[PDB]
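# Topology and contacts: notes
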Amino acid sequence: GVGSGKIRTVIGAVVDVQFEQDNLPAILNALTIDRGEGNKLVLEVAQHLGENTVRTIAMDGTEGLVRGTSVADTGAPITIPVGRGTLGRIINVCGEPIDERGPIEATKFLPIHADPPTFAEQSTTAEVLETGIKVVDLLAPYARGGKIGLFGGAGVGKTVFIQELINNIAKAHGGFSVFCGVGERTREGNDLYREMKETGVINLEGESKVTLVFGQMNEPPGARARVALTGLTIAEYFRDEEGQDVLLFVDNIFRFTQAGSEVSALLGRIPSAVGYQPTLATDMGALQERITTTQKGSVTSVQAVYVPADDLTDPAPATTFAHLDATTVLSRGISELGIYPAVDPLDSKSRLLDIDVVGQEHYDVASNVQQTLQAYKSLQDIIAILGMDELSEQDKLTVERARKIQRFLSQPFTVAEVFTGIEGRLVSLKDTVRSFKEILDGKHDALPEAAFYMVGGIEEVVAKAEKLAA
Amino acid sequence: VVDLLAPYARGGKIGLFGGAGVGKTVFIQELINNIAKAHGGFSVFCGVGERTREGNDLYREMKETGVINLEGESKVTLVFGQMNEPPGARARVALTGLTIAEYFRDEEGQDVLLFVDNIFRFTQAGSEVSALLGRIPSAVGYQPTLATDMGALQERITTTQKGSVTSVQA
Amino acid sequence: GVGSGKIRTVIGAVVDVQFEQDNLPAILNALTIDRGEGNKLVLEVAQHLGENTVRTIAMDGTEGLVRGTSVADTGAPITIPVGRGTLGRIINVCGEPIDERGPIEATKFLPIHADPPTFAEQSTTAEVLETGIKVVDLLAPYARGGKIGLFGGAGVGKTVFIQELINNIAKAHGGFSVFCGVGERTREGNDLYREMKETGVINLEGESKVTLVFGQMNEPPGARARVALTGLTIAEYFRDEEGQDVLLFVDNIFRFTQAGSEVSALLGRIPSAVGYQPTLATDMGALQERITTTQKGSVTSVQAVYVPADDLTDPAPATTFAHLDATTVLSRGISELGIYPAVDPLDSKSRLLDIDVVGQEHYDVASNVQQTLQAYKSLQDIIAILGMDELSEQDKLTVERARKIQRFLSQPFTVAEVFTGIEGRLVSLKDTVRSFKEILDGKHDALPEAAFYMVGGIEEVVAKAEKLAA
Amino acid sequence: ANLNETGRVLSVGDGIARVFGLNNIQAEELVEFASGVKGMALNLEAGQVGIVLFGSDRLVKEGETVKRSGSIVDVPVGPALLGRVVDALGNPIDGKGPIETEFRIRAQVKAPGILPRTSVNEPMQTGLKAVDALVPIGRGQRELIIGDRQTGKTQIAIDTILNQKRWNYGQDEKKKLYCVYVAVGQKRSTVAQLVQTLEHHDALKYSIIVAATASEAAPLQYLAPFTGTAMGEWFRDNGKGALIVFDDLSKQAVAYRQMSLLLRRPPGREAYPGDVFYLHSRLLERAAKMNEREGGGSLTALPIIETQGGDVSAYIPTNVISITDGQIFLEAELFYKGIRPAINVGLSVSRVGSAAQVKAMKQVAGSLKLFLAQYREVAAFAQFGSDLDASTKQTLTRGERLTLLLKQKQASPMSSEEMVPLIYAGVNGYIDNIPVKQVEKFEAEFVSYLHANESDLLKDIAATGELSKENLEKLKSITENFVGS
Amino acid sequence: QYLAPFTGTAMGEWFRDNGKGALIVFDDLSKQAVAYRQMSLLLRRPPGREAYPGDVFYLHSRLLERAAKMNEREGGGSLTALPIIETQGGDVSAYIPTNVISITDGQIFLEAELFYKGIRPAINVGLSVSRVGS
Amino acid sequence: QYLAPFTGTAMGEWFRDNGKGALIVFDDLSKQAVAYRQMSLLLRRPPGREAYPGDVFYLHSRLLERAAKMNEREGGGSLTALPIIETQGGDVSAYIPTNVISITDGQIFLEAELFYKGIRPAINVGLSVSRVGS
Amino acid sequence: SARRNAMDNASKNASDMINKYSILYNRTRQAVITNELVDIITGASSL
Amino acid sequence: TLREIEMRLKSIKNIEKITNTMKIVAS
Ligand SMILES: Nc1ncnc2c1ncn2[C@@H]1O[C@H](COP(=O)(O)OP(=O)(O)OP(=O)(O)O)[C@@H](O)[C@H]1O
Ligand SMILES: Nc1ncnc2c1ncn2[C@@H]1O[C@H](COP(=O)(O)OP(=O)(O)O)[C@@H](O)[C@H]1O
Ligand SMILES: Nc1ncnc2c1ncn2[C@@H]1O[C@H](COP(=O)(O)OP(=O)(O)O)[C@@H](O)[C@H]1O
Ligand SMILES: [Mg+2]
Ligand SMILES: [Mg+2]
Ligand SMILES: [Mg+2]
């Protein structure tokens, strides 16, 4: 029943609206407070306090609100324009364009809240995605149509890692893509939006390929908590109605959980551990289960996850581990050495590390690399106290190999041309399999350990060895 | 070893350490038989929030060692409050078994033994009851009534001119 | 306005008084409850609770109050007598002399609450104040007309440090001084009061120089949280109306902040971090900002600041460092080694350690001493485990010098004749500087570490080395 | 009688004033009591209004009539505020006459969107050689200054303000930069001394100081960064370049904790309110470089976060580090080692500064930072890994000279033409012969003589700023002539 | 999620009563405690350590005690429970671990240090014990 | 337990007012602050360090301050106090000890390290000190 | 015969460092449990 | 701090592993 309701109280980002009897809007609805121009205020029904009073969460700033103003009920959740006309547009959580390039062409509309697919319609996909990074497509290969997570704290190389995966996959992948930004820097969206206009993914002359739905960190916590549900609706429309394999890069998914904690306090909830909300796993589960591959279409998602203060025991990233098919933990200690990407070669795991998916060859190659790096990490004390002279003849060679491996794990990304000046290098998947065996066997146990820094492939390590020797 | 290095206090408190699988249940069954024949007093064993399997295995291990015979008369009484019982029960079971030991002390005039296992789950059960009553939890989420609830059990364990109650608490 | 109200409720040190309409006393006013014969019971309005009722804080014990007793409004804050007649007297928090030598005669009467000096009359005097202490006049030189703080846990010697500056500076300083005892031992004022009448600062048969205000640990929170505003009001009259340089010794200023936490629970405040009150930076700022050198006169304050459980991250000391021009941190581990004063040379800082104040000659030595003492305590792990013999040839010589400097920093104070027996020692500023140049260089590197213990300059080191050589 | 534009006070306590009435009041609307004390209405409750005080609660009684202002909290902006010391509200406190106002901008302004932004390329030379070479800052970038107590956080920000004096003499607008210093929680004497220090170098007449001392009410300390940002946002929207230093945000969150906990707003982690991250998120995001169609101006924000014992894992800093475009960590342990400023290069990093760094320095600083990236590893172990190996000992006599060369005295910004010769003598390792005691004095007059020797070698950088291959042949001719001194 | 271990036990309890054998694996109880804690803090029930309610121990106690070896008088069946606890950095001193460990009849600790070493499954032999494993 | 030190002080305070000499031994104030914290947390008063209320220092402050030597005008009697504080692992940097140490006129430390060694009483001479004992 | 004297004292000085860093860990854990629960009790009993 | 205590423990507790296994090796 579309009608009118009046404001009873406005506290921060939480506004309660008083309605008349038998006109009460349902929960998770959209309420509009009319400001004369566009981009008017929207409210999200959260609770039914009783006495025909509803407690909502603001989707924008609450300054200027006056108690008593009329509030319209759309009788439906925040419905966004979905379809192939959303490609190459910059849209907010409300479903409105902010690139001032005109209205959004679409026909069918879908709400942002929807029940996740049932257990009977789940699809089991064990398919490897060829990324182009050596350490990625070896130890922890990514799963196409799955959920990939990037971890580590602030300054370990999470956003740059995403801008690298866009350059490699968004053109090799045939289906469309949706890049939703949850509570991140605005300039990083602009620095990424320009690359979209030059990569060929986004063009103003021809119809683009990717959709950009950004909810920056300057927007109130009511917008950051539901903006991930907006970009997800666009991906599901390409999965259910278009039947295409879709890429869903999320950055950052931690802000979705954080924004739920900034509102839960004002909504009168007893704070859980580390000041988090009681609805921790459920609110995350109500978003991570919708991002899955069904039998109609497939949705691949690379979700960067911020780790507060490099603490993996924090409740926010620890709950994300159970939802992901492949994890890529970025350690800060690896970044301090100058090794990029700072992918932890032992903590980064994958579900596709099986002989039934890639074979016995790949599984055995990655097994000896970790055992080598674990044996090398087991001798960290001796090398720093007893030197290199006081070691057995067997683990000495492994130490000489592990130093070459972990320096060969570093790869100059295509986006890392401004950080190192080194031109970006891209390798295939099976080229890395034979490249590491020639390092594990001893075929290339004569090349220096400094010739593996910032090189792609084994045939390029020798090319640098001839120049440095002269 | 006991009566030389760490002698037990008549009407006092003795802390029993060591994990399970080292011979703790046999040590208790020995004190039941000894004191009942060395001084002539009965023993009381109260199970404060322990497993039901351990209660069944100990009850069956007491009927084969001789301390309890159903065709005759036993030496020790058993008061078990398992883990499947709410925190209200597990916080009063120690007060239940102690009362029986005070009867043999004041009315019968004997030196009684009170075995508590475990005494830490007598405190933990009190902290769960305290959380249900809503009283503000003290340090490390314990009860504000921590020295009193513990004192409400130990102060009743002492020596009188009529009898005495010795307590061996794991 | 002068009316009369009645007491409604009494909780702890907080008493609520109910008035009629239009007769409500303003905030920070003074109320009076008449015991009659013992004395008078003073209250201070803290907040308006509504319903013609105010909430006050009792300046004395609330024991014996009965609901229904009438309270009169003085229409003014706690007015105290100020002027030349306060010199050589002992006053409580209310303004009444507790030295039972007769009433204090004065003409002007100022309230204890007053607005702090504005930005217009702020002074920028960066002048050095010679103290005679080697650790002070070298590493963290005090700023005359500035603010000095003494940190450290219980028992390190914050109170002992003060009475040295009272015996050393206050006599050479011709201006007046004020010592307001805030929440400390009563005997420490009694054993000090006799020392002021034998030194010459206080003479009951003549004219004195210092004023004494005391609110000790036997005083309720209302008196322990307002006694610092009484002794400071007197110092501002000597500064802004007589234009004299005034010394303000505070001990202990932590009790002012602490007592506010004992009543904040009863004033209906949500407890802040570590059980403190939200109004922590403001209530402290409304007292530490009144202690500043204005265009009229100059006020030099040396405040002892207690540190709860050796925790400098505690909310009480952490907000105090910002109000201090020079800090002299005392450490507990230093006092366990026998080094007095326990001035931590790596945490005591000052705004006068610049080349624009003391020059390059003093700054080079101070920057060289702190670098040597840092190199010794940064390798403390290797020394404590592998031993001193497992070091390099230079890092074993630096340790030798640092152990000499660390003990040469120790200095026998004038009041330290009762705890050590060694005569009092006062070392000049320039005499201390060159004494470290003859320790950092190859000079006097043959003398042991016991030759620098309880010594005042090298001129007394050789005097001990003369006994050592024989 | 009328309670739509006015209202009577129900209760006032500790800066919190609950007023009955004000039926038509906006959220965050400035109000005026009958005693001259201002205030804004944060939480509009049902039947009462929660108003914080911009002053003292001494002059307000129960039943005091409260007039409205009918406007959200706005602050005066414009070029007529350059060289004035003001409070958080905008009222002058330096006493040098009233404030002439061009226009007014709200204190709570949403940060500009994606499209009006552009990638940052304009440099912002702080004057510090350890900053501009290792952690360059672009115009519109967010570079955090995080450190422990009294490690040089404030002095680094001053060196950036004092350095921008050589560009306010000319006429080029693309190089102009107006500074803003927002004192939050400090004492009256410190800020007043800071003003004279900026007036001692003619750095005041182009900088605006927003003073929110410790004695003032917590709403004033809370609003001072936002109002200071809006006063610097005027330059951004008009094509000019601006710079603002938040000193600091670690004490602003303490003031925001008071307004929340005294308005009975539910606390969160570490007694801080839930939206303590949104307090800083919408603040730093308002600093960016905009399109030429939107003016082409840029506002750069330098936030300061004081840690506790180097704890970078505390609540407040972890939020700020996650917002800024990098941080400059100042470790108190490296301050006594001699390294001043005590910049722990192993943790401080810039992101979009590499393309904003000067081309004349990027030609010599791109590799320079990675020499210390190796040096911190080898220099930390020369007696622990006790193996006297002269194989890779060359890095030890190389880094110890350049890390000692990165020293810089307080309030001494070195120009771009004054830093490029020193770096080239460090990356090549041609000053390893001079001891560690004369290198600090070698630099003292290695810059001064180059002016008298070749004053035409600095006028080119003053116009071009780029050193080509021709000067590389000249730098080699300049190097060998002064190696014997 | 809070009712699943109980309804799963009762469905596996039918085999125990009829003299048959049954096995049940709770995967996992560490994510069940956060579910009960979520509904308890919203039901205005006073929290305890780590926001977990007071009856958080009574939750896992009456759940695992239902697994036992029955006498031949009641069929002679047996229900075996295999609970799973996801710790945080090997923290065996946290609340939920302390609850379950103090109830179960031994534990099999899995340390990730031996998993990267190659030994899979990474079974910490040194401290993983079984009580009635004799 | 909270009132016993105050009344015992008042019982020994009669000798102090009548020009006599009295001595009182608090054994111990460490367990008194536990009883005071009990009635404090049951009175809904907010906790602080180690869950103790903010006025836990004012509890002992006004207690020990009643023990001193009075002037010659009021007889000259004196009351000496011997408070006792139990630590945990030799933690002198704890809350309650730092409060009592900041009240008492010195302390006599007793480290258990020298106690089992044989040195009894194990008086840590390097940490025990009297102030007005000159 | 002198390496042991530098490796035996390196074992009794390490054990004297483990104890002081094992008590401190129990102190810090005891401080985390309280200062986090107090932060919850404050937020929960705020209503 | 808390984060580094257990990290600093694992170093010192495993340094004990080295020194104690170099007293008998020298024998
Ligand atoms: N680059 C530098 N070279 C030499 N001295 C410096 C340098 N930076 C700072 N100092 C000195 O260090 C002292 C402390 O610096 P500063 O005042 O910046 O501390 P801070 O970081 O602001 O910390 P706080 O705000 O707590 O005082 C100053 O007195 C200053 O003289
Ligand atoms: N592939 C890479 N090569 C070189 N440097 C990198 C790389 N990835 C990240 N960095 C460095 O890490 C810093 C921060 O990385 P960023 O992607 O912002 O991490 P996050 O987004 O997780 O905070 C940047 O300043 C950059 O210099
Ligand atoms: N500068 C000093 N020289 C010698 N002994 C000192 C010094 N400072 C403190 N002490 C010793 O410390 C003890 C108590 O110090 P005190 O100043 O009372 O601590 P607090 O500052 O906590 O009051 C005294 O007994 C005294 O012997
Ligand atoms: Mg990022
Ligand atoms: Mg003292
Ligand atoms: Mg500063």
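The notes below deal with the structure included here. (Residues numbered from 1 in each chain as written, not as in the entry; some residues may be left out. Chains lettered and ligands numbered in written order. Part of a larger assembly, values for the part shown. Heavy atoms only, no water.)

## Quick look at the sheet that holds strand β4 (residues 111-117) of chain B
Residue and element names in this part refer to chain B. Pairing in this open sheet of five strands is parallel, and the strands run β1-β5-β4-β2-β3 from one edge to the other. The two strands at the open ends of the sheet, each matched to only one other strand, are β1 (13-15) and β3 (76-82). This sheet shows a mean twist of 15° between the axes of neighbouring strands, independent of strand direction. Inspection of the sheet shows strand β2 (residues 43-50) paired to β3 by seven bridges, in the parallel sense. Bridge assignment links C46 to a residue of β3, and that residue is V79. (Pairing = 2+ DSSP bridges. Helix = DSSP H or I, 4+ residues; strand = E, 2+ residues; numbered from the N terminus. Axes fitted to C-alpha atoms, helices over the stretch in contact; angles between N-to-C directions.)

## Brief notes about the nonpolar core
In this structure, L198 and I209 of chain D are the most contacted members of the largest nonpolar core, which totals 128 residues. With residues near it in sequence (within four places) discarded, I209 of chain D still touches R84, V85, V86, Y181, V191, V195, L198 and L204 of chain D. Judged by nonpolar contacts, the second largest core, of 62 residues, contains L165, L192, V369 and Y376 of chain C. (Core = buried A, V, L, I, M, F, W, Y, C linked by side-chain atoms within 4.5 Å. Buried < 20%, exposed > 50% of the residue type's maximum accessible area, 1.4 Å probe, protein only. Contact = heavy atoms within 4.5 Å.)

## Regarding empty space enclosed by the protein
Remark: the empty space left among the atoms is shown by a probe the size of a water molecule rolled over them. For the coordinates displayed, the defined rule picks out 18 cavities of 30 Å³ or more. Reported here for the largest cavity is a volume of approximately 200 Å³. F254, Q258 and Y276 of chain C together with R49 and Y95 of chain F are, among the 20 residues lining the largest cavity, the residues nearest its centre. Secondary structure elements with two or more residues in the lining of the largest cavity: α5 (254-264) of chain C together with α4 (95-101) of chain F. (1 Å grid on protein atoms, 1.4 Å probe; cavity = no way out; pocket = protein on both sides within 12 Å on 5 of 7 lines; lining within 4 Å. Points joined across faces, edges and corners; volume = space filled by probe spheres on them.)

## A look at the interface of chain D and chain A
Chain D puts 54 residues into the contact, and the matching count from chain A is 52 residues. Contact between chain D and chain A buries roughly 4,500 Å² in total, counting both sides, with carbon and sulfur atoms accounting for 54%. Linking chain D with chain A are four salt bridges. A salt bridge links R187 of chain A to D325 of chain D, with the shortest nitrogen-to-oxygen separation between them at 2.9 Å. Remark: the boundary between chain D and chain A carries 20 residue pairs in polar contact. Contributions of two or more residues to the side of chain D that touches chain A are made by β4 (38-44), α6 (276-284) and α7 (315-321) of chain D. When residues in the side of chain D that touches chain A are grouped by element, the largest group, four residues, is from α6 of chain D. Along the lines of polarity and charge, the residues of the side of chain D that touches chain A split into 21 nonpolar, 19 polar and 14 charged. (Buried area = accessible area lost by both parts, 1.4 Å probe. Salt bridge = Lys/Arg side-chain N within 4 Å of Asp/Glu carboxyl O. Polar contact = N/O pair within 3.5 Å; in protein donor to acceptor, adjacent residues only side chain to side chain. Nonpolar A, V, L, I, M, F, W, Y, C, P; charged D, E, K, R; others polar.)

## Structural notes on the site of ligand 3
In the neighbourhood of ligand 3, 13 residues make up the surrounding shell, with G155, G157, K158 and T159 of chain C together with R131 of chain F lying closest. More than one chain reaches ligand 3: its neighbouring residues belong to chains C and F. A distance of 3.4 Å is found between an oxygen atom of ligand 3 and a backbone nitrogen or oxygen belonging to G157 of chain C. For ligand 3, the accessible surface in isolation is 550 Å², of which the surrounding protein chains cover 93%. With three residues, helix α1 (residues 158-172) of chain C is the largest single contributor of residues to the shell around ligand 3. Its residues assigned to classes, the shell around ligand 3 shows seven nonpolar, three polar and three charged. (Near = heavy atom within 4 Å. Areas by Shrake-Rupley, 256 points an atom, 1.4 Å probe, with all protein chains shown as cover.)

## Things to note about the site of ligand 1
For ligand 1, the set of nearby residues contains 14 residues, the closest of which are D354 of chain C together with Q150, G152, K153 and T154 of chain D. Near ligand 1, the surrounding residues belong to chains C and D. Within the side chain of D354 of chain C, an N or O atom sits 3.0 Å from an oxygen atom of ligand 1. A distance of 3.0 Å separates an oxygen atom of ligand 1 from a polar backbone atom of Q155 of chain D. For ligand 1, whose accessible area on its own is 620 Å², the fraction buried by protein is 80%. For the shell around ligand 1, the leading source of residues is helix α2 (residues 153-163) of chain D, giving three residues. Two domains share the shell around ligand 1, each providing at least three of its residues, namely domain 2 (72-357) and domain 3 (358-485) of chain D. (Domains from an automatic or database assignment.)

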